[PDB]
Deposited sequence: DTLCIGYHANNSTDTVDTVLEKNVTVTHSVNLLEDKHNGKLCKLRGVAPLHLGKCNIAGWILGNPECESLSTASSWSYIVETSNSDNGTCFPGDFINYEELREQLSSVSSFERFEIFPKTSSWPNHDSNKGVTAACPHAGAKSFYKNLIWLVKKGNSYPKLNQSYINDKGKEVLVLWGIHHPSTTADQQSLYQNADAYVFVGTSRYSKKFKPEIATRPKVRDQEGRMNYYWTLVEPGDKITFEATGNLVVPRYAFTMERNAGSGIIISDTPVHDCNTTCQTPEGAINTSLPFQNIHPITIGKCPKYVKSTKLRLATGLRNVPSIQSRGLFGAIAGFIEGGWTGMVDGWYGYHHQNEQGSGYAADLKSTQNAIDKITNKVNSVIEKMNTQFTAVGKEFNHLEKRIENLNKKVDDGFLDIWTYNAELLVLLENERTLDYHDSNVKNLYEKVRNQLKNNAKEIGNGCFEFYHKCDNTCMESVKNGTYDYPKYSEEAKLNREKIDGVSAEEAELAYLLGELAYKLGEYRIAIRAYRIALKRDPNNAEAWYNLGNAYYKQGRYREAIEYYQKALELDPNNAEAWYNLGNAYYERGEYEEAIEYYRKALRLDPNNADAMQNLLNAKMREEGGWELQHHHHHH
């Protein structure tokens, strides 16, 4: 009659690496690294993105003629631009603090367009119907930005323009305007009469005077002149004043909006779908609770940390090795016993030891995952061609964090997997000793983690040994007789 202590085995072919040994096949493991996405752009915090299918942000906020088709949302959690979103400014010039605006508009709680300076009543002394150009065509017709009015001299006169808006909203108002810069003096006079024109704009924390910069420039979109764009936020209760003798492109519409924390802009040709996520990647939303991902470095949301590793498999089970080896027949648990006597034979798991190991290892896996506790962040940032130093500083931060997370994540798995297997080996060894301590002189050790009895051990005996209730004295005399 024999009783053996062994461990579980199966047909599992996946592996883990350990710091000491590579390609260790295990019976069970979990994945800490998410390498998949659903291929769709989803809502964040239950709120849809603003999708600019053809237009970029400058185009959309200014009212490029091609953005008219776009339905504006009252709110959004992030902005999506496509790889071919070319419809930005249609009248060539510099959009000032464009990048800062792009970021401020990245996430809004609310957004309403309203007509700040009504076309039919605000500009009675100026011609608001000649403000068109071939650079901003609509269905082949000369046109202009929808949210701006380009005023032209009326009756060969451009009287001082003096208008203001008082922000009676409970929210900040975004006001945009522009300055026109004719290619020649002749154009300056044709449009504004005054020649030596100036523009002044200001609010309680903003004040700037502008002058026309008249020179011939290389043609862009068939324009030898330029039009710059400016913007400011007006605090609730404040006033914005526009004073000009020419070259001012006045706001028509302005936006009442409340900035929501902050998010980012995703550039992707990936479609928007009615789905929910907590982590939005340019390649598609990520749906996981795992601490790491290797899909993309730039994500918006409470995202897993980006690592450049390809495989972070955390062992939970023991080595799968078909004690000489494991028992593929012991399907009911990790550790257990096999017995053979004159009544019968077979396998049975040691439920106390097995469940103990399961609870401790499961909690261990949960510790690694639960402690990541990520924060909601935009990650991606945008800089212009004269901001390379800061762009590269941002890169240092992303590369530094990547190397830290990759190094620590890859080692952590390697530090954990080695012991996990030693832990299981220890538990198996401990079962062997627990039996040895009971059998004492009533059985001999025969190798392979097995004991051979010096007495007949029936089913009620094998159970006594497994349950830790074996009566040594009871079988002592028989054992003496057989030695």
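Participant: Quickly check which stretches of the deposited sequence aren't in the model, judged by C-alpha, and list them in order.
Facilitator: Coordinates drop out over 323 to 336, 498 to 636.
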